[PDB]
Amino acid sequence: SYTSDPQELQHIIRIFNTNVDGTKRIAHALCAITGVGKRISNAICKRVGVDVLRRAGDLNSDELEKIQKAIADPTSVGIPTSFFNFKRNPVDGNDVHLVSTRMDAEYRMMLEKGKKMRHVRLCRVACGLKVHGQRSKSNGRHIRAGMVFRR
Amino acid sequence: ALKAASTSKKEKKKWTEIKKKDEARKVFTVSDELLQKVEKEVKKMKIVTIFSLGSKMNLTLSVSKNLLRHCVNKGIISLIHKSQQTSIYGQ
Amino acid sequence: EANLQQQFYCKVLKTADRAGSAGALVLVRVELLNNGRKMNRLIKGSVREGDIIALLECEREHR
Amino acid sequence: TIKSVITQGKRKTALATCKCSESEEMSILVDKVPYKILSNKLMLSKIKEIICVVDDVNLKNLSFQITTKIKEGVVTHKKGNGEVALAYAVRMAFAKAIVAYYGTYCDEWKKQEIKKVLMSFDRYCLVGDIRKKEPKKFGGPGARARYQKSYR
Amino acid sequence: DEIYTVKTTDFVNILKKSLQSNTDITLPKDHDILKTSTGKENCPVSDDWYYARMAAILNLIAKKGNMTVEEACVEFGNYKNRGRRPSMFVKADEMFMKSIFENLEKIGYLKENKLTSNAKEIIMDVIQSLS
Amino acid sequence: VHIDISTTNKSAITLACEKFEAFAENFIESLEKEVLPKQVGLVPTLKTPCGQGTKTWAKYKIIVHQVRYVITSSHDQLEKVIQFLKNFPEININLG
Amino acid sequence: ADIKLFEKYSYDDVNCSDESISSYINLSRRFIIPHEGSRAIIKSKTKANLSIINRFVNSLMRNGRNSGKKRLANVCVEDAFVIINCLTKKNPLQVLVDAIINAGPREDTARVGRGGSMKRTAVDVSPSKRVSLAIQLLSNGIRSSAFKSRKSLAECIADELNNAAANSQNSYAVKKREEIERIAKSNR
RNA sequence: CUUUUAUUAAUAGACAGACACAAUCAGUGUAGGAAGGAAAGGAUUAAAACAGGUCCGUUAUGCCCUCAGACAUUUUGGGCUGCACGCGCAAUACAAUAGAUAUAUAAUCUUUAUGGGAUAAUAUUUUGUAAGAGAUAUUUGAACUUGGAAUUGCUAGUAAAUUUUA
Ligand SMILES: [Mg+2]
Ligand SMILES: [Mg+2]
Ligand SMILES: [Mg+2]
Ligand SMILES: [Mg+2]
Ligand SMILES: [Mg+2]
């Protein structure tokens, strides 16, 4: 009879140990996870072939397994390498995109090696000074200027 | 010795009430009974728009667009005015 | 439509002078269209000669 | 011969140059576009004003072709730049060619007849305007706007 | 030059289907997921834009004398925000219109700077198709 | 033979005209008169040699008048007039 | 063939029921799209010859982020009047003139004095001041009811003019006129 | 001196001219006109005063101080920009009168934090003897839901908003 709207949905989904949830589109609901932004969320779903205008509550579990492999292995599905965060990274040398649990663990590990080398651009990031060419006369008084994450 | 006025930086802080409590959710899915109740009521109603039916049947406006589009695919009501701002469904 | 019965109809004659806290009110001479009379009263807005002013109470006076 | 008059009407920076010519069908062309399919409806509505105040019987069999222009000095990559200003220019110049044709190759007693109607409708349909942008003076950002001062 | 006699949105809506069905054009490798220029924010919402833009560019060369590659980028520019400071004007991407300019010379609708007679009898069907 | 007049004041370019128009047009050959619109230089400058008082600006200017003749003639018919009609303050660069 | 409102309504068949207000109530200027281009009508001491529809859209482009837009005003007034026409089966211009009359305040007070001893006096209102005060009231309740709500600008215009003309007291400008007519009465 | 109407492009055109409002000098209203009341906007600019600013613009200058690793001049690095904190002038914002996309009303989406862009990482790259300097791809995404006492500017194409050369 009527098929432009699904019969029933779901609310909360568990993917990569974050609670992506809601009656949102697959482009907007996948923007909850860090490491995945609004450009790359639309870029991955066109390769898997699932339509963007589909609410994530109604979805088949076989479609979920392609999603788990694509974000984990982004060079297999056919993404060009320009979308990655670590393009030619110093620790390895090959292109890889970061997902939350390895993402934070790689970032703080980069911060520790600058403490032993006393890299003056790097150690100001830890206490919270502005590393770029800003003038600190009459701006940013009570605030801190390190690396910032939500929650 | 005319006037001596001093102010503090403690006065410039704002006072606000904490938060307003959250509201219950609207429905986002179509039921079989929701299919029937929209078609009988729209045939009575003369000028129909998007906000009007969601304010009745508690529906979000994203699912109410297709309910108006499905009704005009039948010969019940017709879109009588359209601009970039607002479309008007009438008879 | 019930707000229309309260009006009384009256015609201004001429302007006398301006008087107010900052000179925003004017004094006028006005006669009633129902019966022959002569009233003096202050009005807020700017008027010219020959206007017809709507008023609620017709019995109050100035000075 | 083919009788033709050409009249100009202009605004702040806009220019309009119509041309009347005699054809059996009543037609109005704005950049070789029929006027009934114009997108800028304000430009369409002002021509729709003059088509109704004088009768279409009097404007029976004439052709008008209209070119537009904007003077140099400024360059604008934005859309919606010269919408209103060109519409008042073509409203002015088109009304000029109507009384122009009735004065040269038609009876003169009919010329002042429709002239009185539009002049009672609007005196400024046939004459240009004076108002422009006032130049900026130093010490402020605008013409009359002065910079905000503070003493404490 | 009777393209003025019809609208612009209806001339594109019919001609873009046959521009798909010709199947004589090459396309860039990732034209599905990219921005049209650096001034734009996101990728276009339409599933097809490489054909509809080719219908749009055929309006301009028909109404005008000659259309180069640099004149195409200026008509499709954008006004993007650079931050707290006010906006600035950018132009379109020169690489995407290059393949668009190459495909129509690979087909034969246009030559060196003008149009061919072959594309002219295609458009003359279209104007009488709408009316 | 494009020949031009470039001056600094209006009064000098006027008296050179009716002397040249009678001598060149009425006697030998035809010509064309052509006057160009003026070109203005603008140097907005601040007045005081300090930054103390109320800041005022001044605009200086310099104007150039241009009148050009376009003549096609025989060889010595124009060149006799250069030696004859040389006026005192004005420049007249002649391009044969 | 005569000039119509939007080629759908007519400048005729409307009439002002109030006698005092009818002089500055203008109907002579006819516009398919309400737009003005005369220097002579603008630069004038008198405000009698001004179109009411021209005065109504000028109360739309109000805030500083929204100033300078007449195209966005002309669209939302068109989608407004079509809903008023079908719902009421009236001329939509007829409910307009009943909206100005009912929401127009009748008399107001004046405060002369200072301090805890302040004299209050009740005076009357000129018809030129009654019109200008009435238009400013109506646009305010529109901008309040449509600021942070899913009602479009076209929707909130329609039920505002229908409730104010019908004296149904659930509108905005009728409630604000209720207290100011009460204040001038008790101060007398 | 600039803008506006006309036409031989350097010349006309406006005078409160006309009528009315009881005198002279005026002021206001209607009519004809491109322009009606200093046509609109600028520039020039009395006597006289200030212990106002300027010896860090001057091969303008009096007195004083300094005399060859000079209180001269040249070369290489570092500064004028630093960070607990008070103040003035400004640019984006707190969103459906909106955002993305586009054929710019083809069509579609977001129906409340997809508004907002600070801070920061990786990678390509421009100028320069020399980058914590400008530009590009992807990610991270703060405060902020209209602001206490108080106070600045503005009467017509003015305020306000969006663009544009040197
Ligand atoms: Mg001193
Ligand atoms: Mg030394
Ligand atoms: Mg020295
Ligand atoms: Mg600025
Ligand atoms: Mg955004």
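Residues numbered from 1 in each chain as written, not as in the entry; some residues may be left out. Chains lettered and ligands numbered in written order. Part of a larger assembly, values for the part shown. Heavy atoms only, no water.

As recorded in the PDB header, cryo-EM is the method behind this entry, and the stated resolution is 3.4 Å.

**Considerations on the overall build of chain E**
Helix and strand counts for chain E stand at five helices and two strands. Scanning chain E from its N terminus toward the C terminus, one meets helices and strands in the order α-α-α-β-β-α-α. Along the longest, intermediate and shortest principal axes, the C-alpha atoms of chain E span 50 × 30 × 30 Å. Buried residues in chain E amount to 37% of all 131 residues. Restricting to contacts in chain E with at least 6 residues of sequence separation, those with at least 24 account for 64%. Across chain E, the centroid of the 19 positively charged side chains sits 8 Å from that of the 19 negatively charged ones. (Helix = DSSP H or I, 4+ residues; strand = E, 2+ residues; numbered from the N terminus. Buried < 20%, exposed > 50% of the residue type's maximum accessible area, 1.4 Å probe, protein only. Contact = heavy atoms within 4.5 Å. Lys, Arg positive; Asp, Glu negative; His and termini not counted. Charge placed at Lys NZ, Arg CZ, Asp CG, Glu CD.)

**Quick look at unusual backbone geometry**
Although it is not a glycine, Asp 31 of chain D sits at a positive phi angle of roughly 55°. As for its position among the elements, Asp 31 of chain D is in the loop between β3 (27-30) and β4 (33-34). You can call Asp 31 of chain D partly exposed: its relative accessible area is 38%. Of note in the backbone geometry, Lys 89 of chain G takes a positive phi value of approximately 55° without being a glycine. Residue position: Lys 89 of chain G is located in the loop between α3 (71-88) and α4 (94-103).

**Thoughts on the sheet that holds strand β1 (residues 2-7) of chain F**
All names here are of chain F. Ordered by their spatial adjacency, three strands build an open sheet running β1-β5-β2, and the pairing between neighbours is antiparallel. With one partner strand each, in any of the chains shown, β1 and β2 (33-40) form the two edges of the open sheet. Across the sheet, the mean angle from the axis of one strand to that of its neighbour is 20°, orientation sign disregarded. Judged from the six bridges that link them, β1 and strand β5 (residues 63-70) form a sheet pairing that is antiparallel. Bridging across to β5, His 2 finds its partner in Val 70. (Pairing = 2+ DSSP bridges. Axes fitted to C-alpha atoms, helices over the stretch in contact; angles between N-to-C directions.)

**A short note on the environment of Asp 159 of chain G**
Residue and element names in this part refer to chain G. Inspection of the secondary structure assignment puts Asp 159 in helix α6 (residues 153-165). Judged by relative accessible area, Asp 159 falls into the partly exposed class, the value being 36%. In sequence terms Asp 159 and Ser 171 are twelve residues apart; their C-alpha atoms lie 8.3 Å from each other.

**Details of the side chain of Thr 36 of chain E**
Residue and element names in this part refer to chain E. As for its position among the elements, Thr 36 is in the loop between α1 (9-21) and α2 (52-63). Overall, the relative accessible area of 16% leaves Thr 36 in the buried class. Discounting chain neighbours no more than four positions away, the residues touching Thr 36 are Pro 44, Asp 93 and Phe 96.

**Comments concerning the layout of surface pockets**
Which parts of space are left empty comes out when a probe the size of a water molecule is rolled across the atoms. All names here are of chain G. Here the second largest pocket defines a volume of roughly 680 Å³. In terms of lining residues, the second largest pocket is bounded by 24 residues, among which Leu 60, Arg 65, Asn 66, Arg 143 and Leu 153 are the most central. Of the residues in the lining of the second largest pocket, the class split is ten nonpolar, eight polar and six charged. (1 Å grid on protein atoms, 1.4 Å probe; cavity = no way out; pocket = protein on both sides within 12 Å on 5 of 7 lines; lining within 4 Å. Points joined across faces, edges and corners; volume = space filled by probe spheres on them. Nonpolar A, V, L, I, M, F, W, Y, C, P; charged D, E, K, R; others polar.)

**Focus: the interface of chain B and chain A**
Listed per partner, the contact involves eleven residues of chain B and nine residues of chain A. Counting each side, the surface lost to burial between chain B and chain A is near 850 Å², with a carbon and sulfur contribution of 54%. For chain B, the biggest contributors to the area lost against chain A are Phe 28, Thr 29 and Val 30 of chain B; these three give 51% of the whole. Where chain B packs against chain A, one counts zero salt bridges. (Buried area = accessible area lost by both parts, 1.4 Å probe. Salt bridge = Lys/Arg side-chain N within 4 Å of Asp/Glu carboxyl O.)

**Overview of the pattern of salt bridges**
Counting across every chain of the model gives 15 salt bridges over all chains. Three or more residues are tied together by salt bridges with common partners; here these are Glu 57 of chain C together with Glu 107 and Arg 188 of chain G.

**Some remarks on the packing of helix α2 (residues 83-104) of chain D against helix α3 (residues 111-121) of chain D**
All names here are of chain D. Across the interface, α2 lies against α3 with an axial gap of 9 Å and an inter-helix angle of 160°. Judged on the interaxial angle alone, α3 and α2 are roughly antiparallel. For the pair α2 and α3, the contacting residues are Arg 91, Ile 98, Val 99, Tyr 102 and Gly 103 in the first and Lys 111, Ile 114, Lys 115 and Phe 121 in the second. Grouping the amino acids of the contact of α2 with α3 by side-chain chemistry returns five nonpolar, one polar and three charged. (Parallel < 35°, antiparallel > 145°, perpendicular 65-115°, else oblique.)

**Quick notes on the interface of chain G and chain C**
Each side of the interface is counted separately: chain G has 27 residues, and chain C has 24 residues. For the pair chain G and chain C, the two sides together bury roughly 2,200 Å², of which 52% comes from carbon and sulfur. For the chain G face of the interface with chain C, the top three residues by lost area are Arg 106, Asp 124 and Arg 188 of chain G, together amounting to 28%. Counting the contacts that link chain G with chain C gives three salt bridges. Between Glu 57 of chain C and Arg 188 of chain G there is a salt bridge, with its nearest N and O atoms 2.6 Å apart. For the pair chain G and chain C, the interface holds ten residue pairs in polar contact. At the level of secondary structure, the elements contributing two or more residues to the side of chain G that touches chain C comprise α4, β1 (107-114), β2 (117-124), α5 (127-145) and α7 (172-186) of chain G. Per element, the largest residue contribution to the side of chain G that touches chain C is five residues, and it comes from β1 of chain G. Classifying every residue of the side of chain G that touches chain C by side-chain character gives seven nonpolar, seven polar and 13 charged. (Polar contact = N/O pair within 3.5 Å; in protein donor to acceptor, adjacent residues only side chain to side chain.)

**A look at the protein's contact with RNA strand H**
Around RNA strand H sit 113 residues, and of these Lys 26 of chain B, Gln 148 and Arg 152 of chain D, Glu 41 of chain E together with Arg 150 of chain G come closest. In RNA strand H, atoms within 4 Å of the protein come from the sugar-phosphate backbone in 75% of cases. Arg 69 of chain B has a polar side-chain atom sitting 2.6 Å from a phosphate oxygen of RNA strand H. The backbone of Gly 64 of chain G places a nitrogen or oxygen atom 3.4 Å from a sugar or linking oxygen of RNA strand H. (Near = heavy atom within 4 Å.)

**Points about a positive patch on the surface**
Among the surface-exposed residues, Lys 12, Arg 131 and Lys 133 of chain D together with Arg 39 and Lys 43 of chain G lie close enough to one another that they form a single positively charged patch. Its location among the elements puts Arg 131 of chain D in the segment after α3. (Patch = residues over 30% accessible without salt bridge, like charges linked within 9 Å, V, L, I, M, F, W, Y side chains within 5 Å. Areas by Shrake-Rupley, 256 points an atom, 1.4 Å probe, with all protein chains shown as cover.)

**Things to note about a nonpolar patch on the surface**
A cluster of nonpolar side chains, namely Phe 138 of chain D together with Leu 46 and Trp 57 of chain F, defines an oily patch on the protein surface of about 300 Å² accessible area. In this structure, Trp 57 of chain F sits in strand β4 (residues 57-60).

**Looking at empty space enclosed by the protein**
The volume enclosed by the largest cavity comes to roughly 160 Å³. Those elements that provide at least two residues to the lining of the largest cavity are α2 (52-57) and α4 of chain G. Broken down by element, the lining of the largest cavity gets its largest block of residues, three residues, from α4 of chain G. Looking at the lining of the largest cavity, its residues break down into eleven nonpolar, three polar and one charged. Looking at the second largest cavity, its volume works out to about 120 Å³. Taken together, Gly 35, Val 36, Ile 40, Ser 41, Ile 44, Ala 70, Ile 71, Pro 74, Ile 79, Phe 83, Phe 84 and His 97 of chain A form the lining of the second largest cavity. When contributions to the lining of the second largest cavity are tallied by element, the ones reaching two or more residues are α2 (38-48) and α3 (61-72) of chain A. Per element, the largest residue contribution to the lining of the second largest cavity is three residues, and it comes from α2 of chain A. Class assignment of the residues belonging to the lining of the second largest cavity gives a composition of nine nonpolar, three polar and no charged.

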